[PDB]
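File shown: structure-v2.txt. Contents: compact mmCIF, C-alpha atoms.
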# COMPACT_ATOMS: atom_id res chain seq x y z
CA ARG U 1 -9.06 22.96 24.92
CA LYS U 2 -11.83 22.79 22.30
CA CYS U 3 -9.58 23.13 19.24
CA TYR U 4 -7.11 20.57 20.60
CA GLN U 5 -9.83 18.08 21.54
CA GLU U 6 -11.31 18.37 18.05
CA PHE U 7 -8.51 18.80 15.47
CA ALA U 8 -5.23 18.24 17.31
CA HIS U 9 -3.54 16.10 14.65
CA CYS U 10 -5.38 17.26 11.51
CA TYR U 11 -3.29 18.44 8.54
CA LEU U 12 -3.84 19.12 4.84
CA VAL U 13 -1.08 18.82 2.23
CA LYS U 14 -1.26 20.42 -1.21
CA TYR U 15 0.63 19.54 -4.40
CA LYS U 16 1.82 21.82 -7.18
CA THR U 17 0.66 19.62 -10.08
CA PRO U 18 -1.94 16.84 -9.66
CA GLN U 19 -0.14 13.51 -10.13
CA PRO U 20 -1.71 10.14 -9.21
CA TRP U 21 -0.20 6.68 -8.78
CA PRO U 22 0.97 5.48 -12.22
CA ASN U 23 1.33 1.75 -11.52
CA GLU U 24 -1.59 -0.67 -11.12
CA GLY U 25 -0.11 -3.56 -9.14
CA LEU U 26 2.22 -3.04 -6.18
CA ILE U 27 5.13 -5.48 -5.83
CA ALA U 28 6.47 -5.40 -2.27
CA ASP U 29 7.09 -8.36 0.06
CA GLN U 30 8.83 -6.76 3.04
CA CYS U 31 6.37 -8.32 5.52
CA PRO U 32 4.84 -11.81 5.83
CA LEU U 33 1.64 -13.28 4.38
CA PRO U 34 -1.36 -14.98 6.03
CA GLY U 35 -0.85 -18.35 4.34
CA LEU U 36 -4.06 -20.34 4.83
CA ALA U 37 -4.88 -20.35 8.56
CA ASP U 38 -7.50 -17.91 9.80
CA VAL U 39 -5.37 -16.91 12.81
CA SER U 40 -1.92 -16.34 11.35
CA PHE U 41 1.16 -16.28 13.56
CA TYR U 42 1.97 -12.71 12.54
CA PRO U 43 -0.44 -9.91 13.49
CA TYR U 44 -3.05 -8.77 10.99
CA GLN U 45 -1.22 -6.50 8.55
CA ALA U 46 -2.79 -3.58 6.70
CA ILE U 47 -1.56 -4.74 3.27
CA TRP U 48 -3.59 -7.98 3.35
CA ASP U 49 -6.62 -5.97 2.22
CA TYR U 50 -4.93 -5.91 -1.22
CA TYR U 51 -3.61 -9.49 -1.24
CA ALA U 52 -4.09 -11.60 -4.38
CA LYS U 53 -4.57 -14.97 -2.71
CA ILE U 54 -4.04 -18.08 -4.83
CA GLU U 55 -7.35 -19.58 -5.97
CA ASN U 56 -8.05 -23.23 -6.77
CA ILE U 57 -11.43 -23.31 -8.55
CA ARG U 58 -11.84 -21.15 -11.67
CA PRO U 59 -13.40 -21.65 -15.11
CA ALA U 60 -11.36 -22.70 -18.13
CA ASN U 61 -11.83 -19.31 -19.82
CA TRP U 62 -10.65 -17.45 -16.71
CA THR U 63 -8.22 -14.57 -17.25
CA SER U 64 -5.89 -12.58 -15.01
CA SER U 65 -7.09 -9.20 -16.35
CA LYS U 66 -10.68 -9.43 -15.06
CA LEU U 67 -9.97 -8.13 -11.54
CA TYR U 68 -6.24 -8.47 -10.70
CA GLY U 69 -5.00 -6.28 -13.57
CA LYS U 70 -1.37 -6.39 -14.67
CA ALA U 71 -0.12 -7.37 -11.20
CA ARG U 72 1.70 -10.68 -10.87
CA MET U 73 -0.24 -13.43 -9.14
CA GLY U 74 0.24 -13.33 -5.38
CA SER U 75 1.19 -9.64 -5.37
CA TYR U 76 -0.93 -6.75 -4.06
CA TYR U 77 -3.57 -5.10 -6.25
CA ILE U 78 -4.80 -1.57 -5.53
CA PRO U 79 -8.05 -0.01 -6.83
CA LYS U 80 -8.43 3.03 -9.06
CA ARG U 81 -10.01 5.13 -6.28
CA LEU U 82 -6.54 5.78 -4.81
CA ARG U 83 -5.10 7.17 -8.07
CA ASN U 84 -7.66 9.66 -9.37
CA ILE U 85 -6.06 12.20 -11.69
CA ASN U 86 -8.08 15.06 -10.16
CA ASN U 87 -6.94 14.41 -6.57
CA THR U 88 -5.19 17.65 -5.60
CA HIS U 89 -5.34 17.90 -1.78
CA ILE U 90 -4.78 15.31 0.94
CA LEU U 91 -6.34 15.47 4.41
CA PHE U 92 -5.22 13.33 7.33
CA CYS U 93 -5.68 13.33 11.12
CA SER U 94 -3.12 10.98 12.64
CA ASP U 95 0.02 10.99 14.80
CA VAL U 96 1.96 8.11 13.21
CA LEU U 97 4.21 10.59 11.39
CA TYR U 98 5.63 12.70 14.23
CA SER U 99 9.33 13.00 15.05
CA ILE G 1 9.20 7.25 5.94
CA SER G 2 10.76 3.80 6.31
CA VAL G 3 10.48 0.86 3.92
CA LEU G 4 8.26 -1.30 6.15
CA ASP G 5 5.63 1.46 6.49
CA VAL G 6 4.40 0.66 2.97
CA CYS G 7 2.75 -2.49 4.36
CA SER G 8 1.77 -1.07 7.76
CA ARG G 9 0.03 2.10 6.54
CA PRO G 10 -0.20 1.51 2.77
CA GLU G 11 -2.47 4.49 2.04
CA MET G 12 -0.07 7.19 3.24
CA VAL G 13 2.87 5.71 1.31
CA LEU G 14 0.71 5.34 -1.80
CA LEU G 15 -0.58 8.92 -1.57
CA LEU G 16 2.47 10.77 -0.24
CA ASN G 17 5.69 9.01 -1.25
CA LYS G 18 7.60 10.69 -4.08
CA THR G 19 10.00 7.90 -5.10
CA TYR G 20 8.78 4.33 -5.66
CA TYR G 21 11.58 2.07 -4.40
CA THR G 22 10.16 -1.38 -5.11
CA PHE G 23 11.76 -4.45 -3.54
CA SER G 24 12.23 -7.32 -6.01
CA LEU G 25 13.07 -10.79 -4.70
CA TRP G 26 11.33 -13.06 -7.23
CA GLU G 27 13.22 -14.92 -9.94
CA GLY G 28 13.49 -13.21 -13.31
CA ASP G 29 13.65 -9.59 -12.21
CA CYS G 30 16.81 -7.47 -12.14
CA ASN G 31 18.68 -9.92 -14.43
CA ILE G 32 18.94 -12.85 -12.00
CA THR G 33 18.23 -16.41 -13.17
CA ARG G 34 18.42 -19.83 -11.51
CA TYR G 35 21.33 -20.83 -13.77
CA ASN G 36 23.48 -17.86 -12.72
CA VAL G 37 22.64 -17.19 -9.05
CA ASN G 38 26.00 -18.52 -7.86
CA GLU G 39 28.10 -16.87 -10.59
CA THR G 40 26.53 -13.39 -10.47
CA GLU G 41 25.87 -11.41 -5.19
CA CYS G 42 26.90 -13.74 -2.36
CA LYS G 43 30.29 -15.32 -3.00
CA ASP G 44 29.67 -18.44 -0.90
CA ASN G 45 24.98 -19.66 6.29
CA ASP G 46 23.39 -22.24 8.61
CA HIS G 47 20.05 -21.54 6.93
CA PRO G 48 18.25 -23.19 3.98
CA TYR G 49 17.35 -19.78 2.50
CA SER G 50 20.94 -18.53 2.25
CA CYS G 51 21.56 -17.49 -1.38
CA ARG G 52 18.11 -18.89 -2.20
CA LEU G 53 15.12 -17.41 -4.01
CA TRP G 54 11.42 -17.30 -3.13
CA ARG G 55 9.16 -17.43 -6.21
CA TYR G 56 10.07 -19.76 -9.08
CA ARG G 57 9.10 -20.00 -12.75
CA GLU G 58 7.33 -23.27 -13.56
CA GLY G 59 5.52 -22.32 -16.77
CA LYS G 60 2.59 -20.20 -17.94
CA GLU G 61 -1.13 -19.82 -17.25
CA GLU G 62 -2.73 -23.17 -18.11
CA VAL G 63 -6.07 -24.72 -17.17
CA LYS G 64 -6.61 -28.50 -17.31
CA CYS G 65 -9.65 -30.38 -16.00
CA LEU G 66 -11.73 -33.24 -17.41
CA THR G 67 -13.94 -33.78 -14.35
CA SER G 68 -17.64 -34.64 -14.52
CA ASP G 69 -18.66 -31.05 -13.73
CA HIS G 70 -17.33 -27.96 -15.51
CA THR G 71 -17.55 -25.54 -12.56
CA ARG G 72 -14.91 -26.81 -10.11
CA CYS G 73 -11.74 -26.84 -12.23
CA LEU G 74 -8.04 -27.02 -11.42
CA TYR G 75 -5.87 -23.95 -12.01
CA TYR G 76 -2.15 -23.42 -12.63
CA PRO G 77 -0.53 -20.18 -11.38
CA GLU G 78 1.89 -18.54 -13.78
CA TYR G 79 4.39 -17.70 -11.00
CA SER G 80 4.49 -20.89 -8.95
CA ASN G 81 5.40 -21.07 -5.27
CA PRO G 82 7.94 -23.88 -4.65
CA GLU G 83 7.32 -23.77 -0.88
CA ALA G 84 4.00 -21.90 -0.33
CA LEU G 85 5.51 -20.28 2.77
CA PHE G 86 5.13 -16.71 4.04
CA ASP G 87 8.25 -15.74 6.06
CA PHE G 88 10.99 -15.45 3.42
CA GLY G 89 11.21 -11.76 2.52
CA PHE G 90 10.47 -10.59 6.07
CA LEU G 91 13.42 -12.55 7.45
CA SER G 92 15.56 -11.48 4.49
CA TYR G 93 14.92 -7.84 5.43
CA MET G 94 16.72 -8.32 8.77
CA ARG G 95 20.08 -9.19 7.12
CA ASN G 96 20.39 -12.57 8.85
CA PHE G 97 21.16 -14.70 5.78
CA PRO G 98 22.50 -13.71 2.35
CA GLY G 99 20.53 -13.89 -0.88
CA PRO G 100 19.43 -12.03 -4.00
CA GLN G 101 17.60 -8.71 -3.65
CA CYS G 102 17.13 -5.73 -5.93
CA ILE G 103 15.73 -2.26 -5.23
CA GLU G 104 14.25 -0.33 -8.15
CA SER G 105 13.58 3.40 -8.37
CA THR G 106 10.71 5.17 -10.12
CA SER G 107 9.93 8.87 -9.75
CA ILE G 108 6.29 9.97 -9.63
CA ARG G 109 6.07 13.23 -7.70
CA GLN G 110 8.20 16.38 -7.53
CA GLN G 111 7.49 20.07 -6.90
CA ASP G 112 7.64 20.24 -3.09
CA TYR G 113 4.23 20.45 -1.43
CA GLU G 114 2.69 22.87 1.07
CA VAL G 115 1.31 21.83 4.47
CA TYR G 116 -1.49 23.54 6.40
CA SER G 117 -2.41 22.79 10.02
CA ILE G 118 -6.11 22.80 10.89
CA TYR G 119 -5.46 23.25 14.62
CA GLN G 120 -3.55 26.50 14.06
CA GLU G 121 -6.42 27.84 11.95
CA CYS G 122 -8.86 26.83 14.69
CA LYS G 123 -6.78 28.70 17.27
CA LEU G 124 -6.19 31.83 15.19
CA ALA G 125 -9.66 32.24 13.65
CA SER G 126 -11.37 31.80 17.03
CA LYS G 127 -10.12 35.16 18.35
CA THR G 128 -12.39 37.11 15.97
CA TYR G 129 -15.36 34.79 15.33
CA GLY G 130 -17.67 32.82 17.57
CA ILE G 131 -15.75 29.68 18.43
CA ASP G 132 -18.87 27.51 18.28
CA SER G 133 -19.50 28.65 14.70
CA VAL G 134 -15.85 28.04 13.78
CA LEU G 135 -15.94 24.55 15.32
CA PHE G 136 -19.19 23.68 13.53
CA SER G 137 -17.95 24.93 10.15
CA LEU G 138 -14.58 23.19 10.50
CA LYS G 139 -16.35 19.95 11.45
CA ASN G 140 -18.53 20.33 8.36
CA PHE G 141 -15.38 20.85 6.27
CA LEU G 142 -13.89 17.69 7.78
CA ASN G 143 -17.08 15.90 6.64
CA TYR G 144 -16.75 17.02 3.01
CA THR G 145 -17.09 13.47 1.64
CA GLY G 146 -19.78 12.49 4.16
CA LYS G 147 -17.36 10.42 6.26
CA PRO G 148 -15.81 11.96 9.40
CA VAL G 149 -12.02 11.72 9.34
CA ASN G 150 -11.85 11.46 13.14
CA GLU G 151 -14.09 8.39 12.99
CA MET G 152 -11.71 6.40 10.81
CA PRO G 153 -8.84 4.66 12.64
CA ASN G 154 -5.63 6.43 13.63
CA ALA G 155 -3.39 4.06 11.65
CA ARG G 156 -5.13 4.59 8.28
CA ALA G 157 -6.92 7.95 8.09
CA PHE G 158 -6.10 9.60 4.75
CA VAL G 159 -8.50 11.12 2.22
CA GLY G 160 -8.13 12.86 -1.13
CA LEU G 161 -10.03 16.08 -1.79
CA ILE G 162 -10.82 17.77 -5.11
CA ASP G 163 -10.13 21.50 -4.67
CA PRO G 164 -11.76 22.09 -1.26
CA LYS G 165 -12.08 25.65 0.01
CA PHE G 166 -9.96 26.55 3.03
CA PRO G 167 -11.16 28.11 5.20
CA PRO G 168 -14.92 27.95 4.57
CA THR G 169 -17.12 30.99 5.10
CA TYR G 170 -18.77 31.19 8.51
CA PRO G 171 -22.36 32.26 9.28
CA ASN G 172 -22.91 35.80 10.54
Take the structure in the file and give it back as structure tokens.
Amino acid sequence: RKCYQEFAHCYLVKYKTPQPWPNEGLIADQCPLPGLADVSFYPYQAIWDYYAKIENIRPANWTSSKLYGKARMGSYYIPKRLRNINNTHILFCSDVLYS
Amino acid sequence: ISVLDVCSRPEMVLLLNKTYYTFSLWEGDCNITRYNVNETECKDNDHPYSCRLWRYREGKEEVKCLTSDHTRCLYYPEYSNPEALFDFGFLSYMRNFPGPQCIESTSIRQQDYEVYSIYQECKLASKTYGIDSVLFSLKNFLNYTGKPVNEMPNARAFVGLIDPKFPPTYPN
């Protein structure tokens, strides 16, 4: 009872050689986008936290390498914290991967 | 792991997927151009997006503004949106209308991993040690980064650890 109530779905996976994400900007449009309305027709997706929304007001000397990196405009940009070279183990407690 | 999962639980696909199968629908990629969409691979409906593309090429990154103030200035995207809509690729994924699409492969990870279950360790190590001590130490191990994994939502609960010790030593 105690072990199940605490750590029922907790697992730890371990590589053989540490290998992080090589790419900087993810290009994948399998699911819709918010558009401009606050309450979009589609439910709030988990990829919209990385969305590169189109901006209107920017200085003349603005560049696309300041914060969006090499990713194409309107694509999804991920931070460096998810691709550390020293990441060797992964821990997760969820049940969205069962058979 | 299915294709759609990458935008429902992005962290697990980013941290666990071995092959990067990116889905390209924009114009320019995979050797598809506006002047050869018909002759390259739908041969010949009832939908405006049949054999149609999503993101078009209008030019390059340019900034033009001569307004009174220099702060609020107009901007030109380098990959223009001819419709500014949001439900093109999602409907294209359901195979309802034809159109260009290209899947690209990129290997990142090999060397098949090893999986350990924390619950099994909790069950097995509790037959020889005080179960309260085991529970406390395992909870401390789960809080290695200072953020409890159980606290973070079920959908997106994935953390990376730099050579943690498993299992930790327990007090006498």
### Message
I'd like the contact shell of residue 29 in chain U - 8 Å cut-off, only C-alpha atoms, skipping same-chain residues fewer than 6 positions apart - returned as JSON, numbers by chain.
### Response
{"G": [23, 89, 90]}
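For the set U:84, U:23, U:56, U:75, the residue with the smallest atom-to-atom gap to chain G is U:56, counting all atoms listed in the file.
Nearest residue to residue 37 in chain G, choosing from G:50, G:65, G:162, G:21 and counting only C-alpha atoms: G:50.
Using all atoms listed in the file, we find that the part of chain G lying within 6 Å of chain U comprises residues 7, 8, 23, 63, 72, 73, 74, 75, 86, 87, 89, 90, 111, 113, 114, 115, 116, 117, 118, 119, 122, 154, 157, 158, 159, 160, 161 and 162 of chain G.
Note that CA of residue 19 in chain G and CA of residue 6 in chain G are 12.2 Å apart.
For the pair CA of residue 66 in chain U and CA of residue 88 in chain G, the interatomic distance is 29.1 Å.
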### Task
For residue 40 in chain G, work out the shell of residues within 12 Å, counting only C-alpha atoms and skipping chain neighbours fewer than 2 positions away, then give it as a ChimeraX atom specification.
/G:30-38,42-44,51,99-100
### Message
Could you tell me how far CA of residue 168 in chain G sits from CA of residue 141 in chain G, in Å to one decimal place?
### Response
7.3 Å
With all atoms of range 14-28 of chain G from the file as input, state the centre and edge lengths in Å to one decimal of the axis-aligned box that has 8 Å extra on each side, as AutoDock Vina command-line options.
--center_x 6.5 --center_y -2.1 --center_z -6.8 --size_x 30.1 --size_y 41.7 --size_z 29.1
#### Entry: Residues near residue 80 in chain G, cut-off 9 Å, only C-alpha atoms, skip fewer than 5 positions along chain, as a list in words
residues 73 of chain U; 55, 56, 57, 58 and 59 of chain G
### Query
Pick the closest to residue 81 in chain G from U:38, U:25, U:67, U:53: which is it, counting only C-alpha atoms?
U:53
Atoms added to range 134-167 of chain G (N, CA and C atoms), reported as a PDB file, keeping the file's coordinate frame:
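Done, and the output landed in rebuild11.pdb:
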ATOM      1  N   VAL G 134     -17.077  28.513  14.413  1.00  0.00           N
ATOM      2  CA  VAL G 134     -15.850  28.040  13.780  1.00  0.00           C
ATOM      3  C   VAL G 134     -15.730  26.525  13.918  1.00  0.00           C
ATOM      4  N   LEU G 135     -16.014  25.992  15.108  1.00  0.00           N
ATOM      5  CA  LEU G 135     -15.940  24.550  15.320  1.00  0.00           C
ATOM      6  C   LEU G 135     -16.937  23.818  14.433  1.00  0.00           C
ATOM      7  N   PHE G 136     -18.171  24.326  14.354  1.00  0.00           N
ATOM      8  CA  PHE G 136     -19.190  23.680  13.530  1.00  0.00           C
ATOM      9  C   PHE G 136     -18.793  23.691  12.056  1.00  0.00           C
ATOM     10  N   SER G 137     -18.313  24.833  11.558  1.00  0.00           N
ATOM     11  CA  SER G 137     -17.950  24.930  10.150  1.00  0.00           C
ATOM     12  C   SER G 137     -16.735  24.067   9.827  1.00  0.00           C
ATOM     13  N   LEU G 138     -15.753  24.026  10.731  1.00  0.00           N
ATOM     14  CA  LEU G 138     -14.580  23.190  10.500  1.00  0.00           C
ATOM     15  C   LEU G 138     -14.949  21.707  10.546  1.00  0.00           C
ATOM     16  N   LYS G 139     -15.875  21.327  11.430  1.00  0.00           N
ATOM     17  CA  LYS G 139     -16.350  19.950  11.450  1.00  0.00           C
ATOM     18  C   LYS G 139     -17.086  19.601  10.168  1.00  0.00           C
ATOM     19  N   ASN G 140     -17.873  20.544   9.643  1.00  0.00           N
ATOM     20  CA  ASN G 140     -18.530  20.330   8.360  1.00  0.00           C
ATOM     21  C   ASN G 140     -17.499  20.163   7.243  1.00  0.00           C
ATOM     22  N   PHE G 141     -16.440  20.975   7.268  1.00  0.00           N
ATOM     23  CA  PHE G 141     -15.380  20.850   6.270  1.00  0.00           C
ATOM     24  C   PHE G 141     -14.693  19.495   6.369  1.00  0.00           C
ATOM     25  N   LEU G 142     -14.461  19.014   7.593  1.00  0.00           N
ATOM     26  CA  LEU G 142     -13.890  17.690   7.780  1.00  0.00           C
ATOM     27  C   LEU G 142     -14.796  16.589   7.247  1.00  0.00           C
ATOM     28  N   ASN G 143     -16.095  16.858   7.139  1.00  0.00           N
ATOM     29  CA  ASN G 143     -17.080  15.900   6.640  1.00  0.00           C
ATOM     30  C   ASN G 143     -17.456  16.194   5.196  1.00  0.00           C
ATOM     31  N   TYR G 144     -16.478  16.621   4.391  1.00  0.00           N
ATOM     32  CA  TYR G 144     -16.750  17.020   3.010  1.00  0.00           C
ATOM     33  C   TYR G 144     -17.268  15.844   2.186  1.00  0.00           C
ATOM     34  N   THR G 145     -16.692  14.660   2.379  1.00  0.00           N
ATOM     35  CA  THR G 145     -17.090  13.470   1.640  1.00  0.00           C
ATOM     36  C   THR G 145     -18.213  12.695   2.315  1.00  0.00           C
ATOM     37  N   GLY G 146     -18.742  13.191   3.430  1.00  0.00           N
ATOM     38  CA  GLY G 146     -19.780  12.490   4.160  1.00  0.00           C
ATOM     39  C   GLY G 146     -19.273  11.484   5.170  1.00  0.00           C
ATOM     40  N   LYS G 147     -17.959  11.328   5.305  1.00  0.00           N
ATOM     41  CA  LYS G 147     -17.360  10.420   6.260  1.00  0.00           C
ATOM     42  C   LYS G 147     -16.428  11.193   7.184  1.00  0.00           C
ATOM     43  N   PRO G 148     -16.680  11.207   8.493  1.00  0.00           N
ATOM     44  CA  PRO G 148     -15.810  11.960   9.400  1.00  0.00           C
ATOM     45  C   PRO G 148     -14.420  11.349   9.457  1.00  0.00           C
ATOM     46  N   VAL G 149     -13.402  12.201   9.326  1.00  0.00           N
ATOM     47  CA  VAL G 149     -12.020  11.720   9.340  1.00  0.00           C
ATOM     48  C   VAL G 149     -11.647  11.219  10.729  1.00  0.00           C
ATOM     49  N   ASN G 150     -12.143  11.889  11.774  1.00  0.00           N
ATOM     50  CA  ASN G 150     -11.850  11.460  13.140  1.00  0.00           C
ATOM     51  C   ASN G 150     -12.401  10.069  13.417  1.00  0.00           C
ATOM     52  N   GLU G 151     -13.501   9.705  12.757  1.00  0.00           N
ATOM     53  CA  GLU G 151     -14.090   8.390  12.990  1.00  0.00           C
ATOM     54  C   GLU G 151     -13.161   7.279  12.525  1.00  0.00           C
ATOM     55  N   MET G 152     -12.509   7.466  11.383  1.00  0.00           N
ATOM     56  CA  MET G 152     -11.710   6.400  10.810  1.00  0.00           C
ATOM     57  C   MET G 152     -10.420   6.208  11.621  1.00  0.00           C
ATOM     58  N   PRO G 153      -9.935   4.969  11.719  1.00  0.00           N
ATOM     59  CA  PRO G 153      -8.840   4.660  12.640  1.00  0.00           C
ATOM     60  C   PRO G 153      -7.609   5.563  12.511  1.00  0.00           C
ATOM     61  N   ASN G 154      -6.839   5.621  13.604  1.00  0.00           N
ATOM     62  CA  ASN G 154      -5.630   6.430  13.630  1.00  0.00           C
ATOM     63  C   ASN G 154      -4.606   5.934  12.615  1.00  0.00           C
ATOM     64  N   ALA G 155      -4.450   4.614  12.497  1.00  0.00           N
ATOM     65  CA  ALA G 155      -3.390   4.060  11.650  1.00  0.00           C
ATOM     66  C   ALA G 155      -3.593   4.430  10.186  1.00  0.00           C
ATOM     67  N   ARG G 156      -4.826   4.337   9.687  1.00  0.00           N
ATOM     68  CA  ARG G 156      -5.130   4.590   8.280  1.00  0.00           C
ATOM     69  C   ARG G 156      -6.282   5.581   8.200  1.00  0.00           C
ATOM     70  N   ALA G 157      -5.944   6.873   8.232  1.00  0.00           N
ATOM     71  CA  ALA G 157      -6.920   7.950   8.090  1.00  0.00           C
ATOM     72  C   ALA G 157      -6.363   8.980   7.102  1.00  0.00           C
ATOM     73  N   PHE G 158      -6.601   8.745   5.814  1.00  0.00           N
ATOM     74  CA  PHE G 158      -6.100   9.600   4.750  1.00  0.00           C
ATOM     75  C   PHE G 158      -7.149   9.693   3.654  1.00  0.00           C
ATOM     76  N   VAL G 159      -7.499  10.916   3.255  1.00  0.00           N
ATOM     77  CA  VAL G 159      -8.500  11.120   2.220  1.00  0.00           C
ATOM     78  C   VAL G 159      -7.979  12.101   1.180  1.00  0.00           C
ATOM     79  N   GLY G 160      -8.464  11.943  -0.051  1.00  0.00           N
ATOM     80  CA  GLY G 160      -8.130  12.860  -1.130  1.00  0.00           C
ATOM     81  C   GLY G 160      -9.306  13.769  -1.426  1.00  0.00           C
ATOM     82  N   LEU G 161      -9.011  15.053  -1.612  1.00  0.00           N
ATOM     83  CA  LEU G 161     -10.030  16.080  -1.790  1.00  0.00           C
ATOM     84  C   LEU G 161      -9.773  16.836  -3.082  1.00  0.00           C
ATOM     85  N   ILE G 162     -10.859  17.134  -3.798  1.00  0.00           N
ATOM     86  CA  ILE G 162     -10.820  17.770  -5.110  1.00  0.00           C
ATOM     87  C   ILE G 162     -11.118  19.248  -4.934  1.00  0.00           C
ATOM     88  N   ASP G 163     -10.063  20.048  -4.810  1.00  0.00           N
ATOM     89  CA  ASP G 163     -10.130  21.500  -4.670  1.00  0.00           C
ATOM     90  C   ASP G 163     -11.109  21.947  -3.587  1.00  0.00           C
ATOM     91  N   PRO G 164     -10.937  21.530  -2.333  1.00  0.00           N
ATOM     92  CA  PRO G 164     -11.760  22.090  -1.260  1.00  0.00           C
ATOM     93  C   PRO G 164     -11.358  23.526  -0.956  1.00  0.00           C
ATOM     94  N   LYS G 165     -12.295  24.261  -0.365  1.00  0.00           N
ATOM     95  CA  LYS G 165     -12.080  25.650   0.010  1.00  0.00           C
ATOM     96  C   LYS G 165     -11.631  25.725   1.462  1.00  0.00           C
ATOM     97  N   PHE G 166     -10.541  26.451   1.708  1.00  0.00           N
ATOM     98  CA  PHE G 166      -9.960  26.550   3.030  1.00  0.00           C
ATOM     99  C   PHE G 166      -9.527  27.989   3.311  1.00  0.00           C
ATOM    100  N   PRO G 167     -10.074  28.622   4.361  1.00  0.00           N
ATOM    101  CA  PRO G 167     -11.160  28.110   5.200  1.00  0.00           C
ATOM    102  C   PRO G 167     -12.547  28.437   4.642  1.00  0.00           C
TER     103      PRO G 167
END
